[PDB]
Structures are given as C-alpha cells and as structure tokens.
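Peer 1: Below you will find the structure I want to go over with you.
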Amino acid sequence: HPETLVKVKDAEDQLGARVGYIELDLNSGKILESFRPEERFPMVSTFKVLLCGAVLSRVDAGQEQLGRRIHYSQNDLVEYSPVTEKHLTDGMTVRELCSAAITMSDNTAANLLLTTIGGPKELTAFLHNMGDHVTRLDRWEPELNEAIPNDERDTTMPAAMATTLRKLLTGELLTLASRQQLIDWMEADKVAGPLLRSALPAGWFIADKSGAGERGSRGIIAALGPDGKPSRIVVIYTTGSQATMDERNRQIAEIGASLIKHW
Ligand SMILES: [K+]
C-alpha cells in the first residue's frame, strides 16, 4: 500500500540515504509494492541465505553432505565468529556451519562454506543459473561489506533478491527437505531482533536474515505472515547513511510496522 511507501520515503529523509524496498506475494510472486526495485545495494550478510541455498543444492545433488566435518584453524578465523571460534579443535559440520552463518551471522562459517561451493564465482553462477541475472558475490568476509559508493561488487537489486528468496523457499530449486531446512535456519535467526521482528504481532511467523556493513549498509530479507505461516516476502536495503545503528534499525522497523498495518 502506498502508505508504506510514505514510511520508506520518511526513512530516506531521516537517514539521508537511499532505501530499497520490495513487498512480494509469496504465492504468486507478484510485486505488491516497491521503491528503487532495480537499484543496487550491498547484500552484506543477507548473502548468507543464498550461500546456504547453494550448499543445500549441492546436498540435493549428492555433491555435499550436511554431516560432513570441516576442519579449520586460526589462519581461517575472521572478525566476529562467535561459533567457529569455539570449535577450532572440534571442527564443524556443514549443517552446523550453515546454522552458524545464518542464525548467528558467523563470518568464518560463511567463508568456510564459500570454499566448499567454489567461492563467490560459483555462488554467482548458481544465482544466474536459477534466474537471478543481477545478484553477484565477488569477495569474502569481511571485504564483501565494504559498500564503496557506486561499486557493484557484492550487490543485489531489491526485486531480484525478493524473487530469488521466493524461489529458494518455495520454488522447485531445492528439495522439500532442503527448502524446509533453509527456512528453519532463517526462523531461528538470532541477530535481527531490532528489525522486522520488533514490529511483528504476536502469533505471526517470520524467517529472516539481516546484515550490516561499512558506510551505513544495512539490509534484511524475510518471509512473514499471520497465523504462523509465511505469505509475503519483504526485502529492505539501505546504504550510505551516517546515522547510528539504532536509527537505521528504527527506520527499518517503522517500514515493517506500516506494511503490517496495511496488510
Ligand atoms: K529501480
């Protein structure tokens, strides 16, 4: 509803920065509302859902096993690795790494998983192959969060990310087992509390993934709906703001409040 675009524009005014937005019907794939649908924004940690989708695709194809153990060392640890820093000597399974990357946004977990699938080049190939001709991953953690103005590396377009998320969660790309595992990891998301979840009515379902990067970059992708069942996908990105993390979070939450109000 345009009343939600009012809030998106309010966010641009408050943040002094571009905000990209998509509200997509999960069933039909129809875009219900949008703002800067085809402009590029850094994906920041939201790319981790796409990463684990590629991992699950390989599991479906018999090229990977969720229970396979990956060993790593201090040489592999990058900043903010809450889970991987505790398992240096135990190693972690593919399943444990995806859980850490998505639910805890563990950065080393993401890099380890990227290596298993062939790196940014292969994630990009996977995306192009499933119909997303614009989303691209070029670097690894932490450089992929640089958000240099006008840089197309490691970016997506709101409309593309929305339709890609719909395909991964409800399309035929992944098996039913893998589709469900991916959304379950997203429903257990532990670090997106100040965003859409803060405006979600009691009883509603939400499976999401948020991210933050340099130069004010922030983003969230989500499947949400009433009665504990998802029925729409929401994608929100912003980059360039000099505002505090709390201010960026408040603006995103307000957009969420409005789309819930006009559902
Ligand atoms: K556009």
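Following the order of the structure tokens, first chain is A, next is B, and so on, with residues numbered from 1 inside each chain and ligands from 1 in the order they appear.
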Please give me, as an mmCIF file with C-alpha atoms, in the first residue's frame, the residues lying within 9 Å of ligand 1 when counting only C-alpha atoms and all ligand atoms.
Peer 2:
```cif
data_model
loop_
_atom_site.group_PDB
_atom_site.id
_atom_site.type_symbol
_atom_site.label_atom_id
_atom_site.label_comp_id
_atom_site.auth_asym_id
_atom_site.auth_seq_id
_atom_site.Cartn_x
_atom_site.Cartn_y
_atom_site.Cartn_z
ATOM 1 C CA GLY A 20 15.341 -0.080 -1.431
ATOM 2 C CA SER A 34 8.391 -1.287 -4.371
ATOM 3 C CA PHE A 35 10.859 1.579 -4.025
ATOM 4 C CA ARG A 36 14.139 1.553 -6.023
ATOM 5 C CA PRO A 37 13.378 -2.057 -7.071
ATOM 6 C CA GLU A 38 16.150 -2.184 -9.629
ATOM 7 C CA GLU A 39 18.857 -0.130 -7.993
ATOM 8 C CA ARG A 40 21.837 -1.938 -6.482
ATOM 9 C CA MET A 157 18.682 -5.395 -6.520
ATOM 10 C CA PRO A 158 15.676 -5.486 -4.154
ATOM 11 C CA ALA A 159 13.380 -7.060 -6.768
#
```
Peer 1: Please identify all polymer residues within 7 Å of residue 7 of chain A, counting only C-alpha atoms, omitting same-chain residues fewer than 3 positions from it, and present them as a list in words.
Peer 2: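 Once the adjacent positions are removed, what remains is residues 3, 4, 10, 11, 254 and 255 of chain A.
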Peer 1: Quick one: residues within 12 Å of residue 57 of chain A, only C-alpha atoms, excluding same-chain residues fewer than 3 positions away - as an MDAnalysis selection string?
Peer 2: chainID A and resid 50:54 60:66 117 123 126:127 129:130 168 172:179 181:182
Peer 1: Go ahead and write the residues just picked, N, CA and C atoms, as a short mmCIF file (atom, residue, chain, number, x, y, z; two decimals), in the first residue's frame.
Peer 2:
```cif
data_model
loop_
_atom_site.label_atom_id
_atom_site.label_comp_id
_atom_site.auth_asym_id
_atom_site.auth_seq_id
_atom_site.Cartn_x
_atom_site.Cartn_y
_atom_site.Cartn_z
N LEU A 50 21.63 -17.05 0.56
CA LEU A 50 21.88 -17.54 -0.80
C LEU A 50 23.00 -18.59 -0.78
N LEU A 51 24.00 -18.33 0.05
CA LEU A 51 25.15 -19.22 0.22
C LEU A 51 24.68 -20.60 0.67
N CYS A 52 23.86 -20.63 1.72
CA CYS A 52 23.38 -21.92 2.22
C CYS A 52 22.39 -22.56 1.25
N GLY A 53 21.73 -21.75 0.41
CA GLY A 53 20.85 -22.32 -0.61
C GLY A 53 21.73 -23.08 -1.60
N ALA A 54 22.87 -22.51 -1.99
CA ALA A 54 23.78 -23.19 -2.92
C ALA A 54 24.33 -24.46 -2.24
N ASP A 60 21.44 -31.76 -2.27
CA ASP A 60 20.38 -32.40 -3.06
C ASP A 60 20.95 -33.18 -4.22
N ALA A 61 22.03 -32.66 -4.81
CA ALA A 61 22.67 -33.28 -5.96
C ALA A 61 23.67 -34.38 -5.61
N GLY A 62 23.82 -34.64 -4.32
CA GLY A 62 24.76 -35.66 -3.88
C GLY A 62 26.21 -35.23 -3.90
N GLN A 63 26.45 -33.92 -4.03
CA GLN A 63 27.82 -33.39 -4.09
C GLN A 63 28.32 -32.93 -2.73
N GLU A 64 27.43 -32.92 -1.75
CA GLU A 64 27.78 -32.48 -0.41
C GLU A 64 26.94 -33.25 0.60
N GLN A 65 27.43 -33.30 1.84
CA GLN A 65 26.68 -33.95 2.90
C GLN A 65 26.61 -33.00 4.07
N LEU A 66 25.41 -32.80 4.61
CA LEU A 66 25.24 -31.91 5.75
C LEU A 66 26.05 -32.33 6.97
N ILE A 117 31.72 -24.54 -1.79
CA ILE A 117 30.92 -24.48 -3.01
C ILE A 117 31.64 -23.90 -4.21
N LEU A 123 28.96 -19.00 -6.41
CA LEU A 123 27.67 -18.59 -5.85
C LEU A 123 26.96 -17.76 -6.92
N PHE A 126 25.55 -19.97 -9.57
CA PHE A 126 24.37 -20.65 -9.06
C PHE A 126 23.16 -19.72 -9.18
N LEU A 127 23.37 -18.46 -8.81
CA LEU A 127 22.31 -17.48 -8.87
C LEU A 127 21.87 -17.22 -10.31
N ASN A 129 22.14 -19.17 -12.83
CA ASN A 129 21.52 -20.39 -13.30
C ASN A 129 20.08 -20.55 -12.83
N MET A 130 19.74 -20.02 -11.65
CA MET A 130 18.36 -20.12 -11.17
C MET A 130 17.49 -18.91 -11.57
N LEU A 168 14.03 -19.97 -3.67
CA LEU A 168 14.71 -20.86 -2.73
C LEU A 168 13.78 -21.43 -1.68
N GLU A 172 10.92 -24.86 -6.97
CA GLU A 172 11.37 -26.23 -7.18
C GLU A 172 12.89 -26.40 -7.22
N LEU A 173 13.62 -25.32 -6.97
CA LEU A 173 15.07 -25.35 -7.00
C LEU A 173 15.67 -26.32 -5.98
N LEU A 174 15.17 -26.29 -4.75
CA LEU A 174 15.67 -27.18 -3.71
C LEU A 174 14.60 -28.22 -3.42
N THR A 175 15.01 -29.35 -2.86
CA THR A 175 14.06 -30.39 -2.46
C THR A 175 13.22 -29.87 -1.29
N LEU A 176 12.11 -30.55 -0.98
CA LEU A 176 11.28 -30.14 0.15
C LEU A 176 12.12 -30.15 1.43
N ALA A 177 12.97 -31.16 1.60
CA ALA A 177 13.80 -31.22 2.80
C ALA A 177 14.72 -30.00 2.88
N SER A 178 15.32 -29.65 1.76
CA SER A 178 16.24 -28.52 1.78
C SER A 178 15.54 -27.18 1.92
N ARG A 179 14.39 -27.01 1.27
CA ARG A 179 13.61 -25.78 1.39
C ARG A 179 13.25 -25.55 2.84
N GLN A 181 14.73 -26.85 5.52
CA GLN A 181 15.89 -26.60 6.35
C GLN A 181 16.30 -25.14 6.22
N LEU A 182 16.27 -24.62 5.01
CA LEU A 182 16.68 -23.24 4.82
C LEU A 182 15.76 -22.29 5.57
#
```
Peer 1: Quick one, how far is atom CA of residue 231 of chain A from atom CA of residue 170 of chain A?
Peer 2: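 Distance between the two atoms: 10.6 Å.
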Peer 1: Given the choices A:202, A:101, A:113, A:88, which gets closest to residue 190 of chain A if the distance is worked out from only C-alpha atoms?
Peer 2: A:101
Peer 1: Excluding residue 84 of chain A and any residue of its chain fewer than 4 positions from it, enumerate the residues within 12 Å of it, using only C-alpha atoms, and give them as a ChimeraX atom specification.
Peer 2: /A:70-74,76-80,88-94,96-101,104-113
Peer 1: Of the candidates A:47, A:180, A:203, A:148, which shows the shortest atom-to-atom distance to residue 114 of chain A, using only C-alpha atoms?
Peer 2: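 Counting only C-alpha atoms, the residue closest to residue 114 of chain A is A:47.
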Peer 1: Write out as an MDAnalysis selection string each polymer residue whose atoms come within 10 Å of residue 124 of chain A, counting only C-alpha atoms; drop sequence neighbours fewer than 4 positions from it.
Peer 2: chainID A and resid 50:51 54 119:120 128:129 132:138 154
Peer 1: If DSSP is run on the backbone, what residues of segment 2-247 of chain A are alpha helix (DSSP H)? A reply as a PyMOL selection string would be ideal.
Peer 2: chain A and resi 2-15+47-60+94-104+107-117+119-129+158-170+176-187+245-247
Peer 1: Go through A:15, A:206, A:22, A:169 one by one, measure the shortest atom-to-atom distance of each to residue 241 of chain A using only C-alpha atoms, and give the residue with the smallest value.
Peer 2: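 Comparing A:15, A:206, A:22, A:169 against residue 241 of chain A, the winner is A:15.
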Peer 1: Out of A:24, A:32, A:223, A:192, which residue has the shortest atom-to-atom distance to residue 207 of chain A when counting only C-alpha atoms?
Peer 2: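 Between A:24, A:32, A:223, A:192, the residue approaching residue 207 of chain A most closely is A:223.
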Peer 1: Interatomic distance between atom CA of residue 23 of chain A and atom CA of residue 249 of chain A?
Peer 2: 18.2 Å
Peer 1: Could you give me the residues within segment 26-217 of chain A that DSSP places in strand (DSSP E or B), as a PyMOL selection string?
Peer 2: chain A and resi 31-35+41-42+69-70+92-93+155-156+205-212
Peer 1: So how far away is atom CA of residue 242 of chain A from atom CA of residue 164 of chain A, in Å?
Peer 2: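 Between atom CA of residue 164 of chain A and atom CA of residue 242 of chain A the gap is 29.5 Å.
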Peer 1: Identify which of the residues A:153, A:247, A:205, A:210 lies closest to residue 228 of chain A, counting only C-alpha atoms when measuring atom-to-atom distances.
Peer 2: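 Of the candidates, the smallest distance to residue 228 of chain A is held by A:205.
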Peer 1: Measuring between only C-alpha atoms, which one of A:212, A:220, A:59, A:6 shows the shortest distance to residue 142 of chain A?
Peer 2: A:212
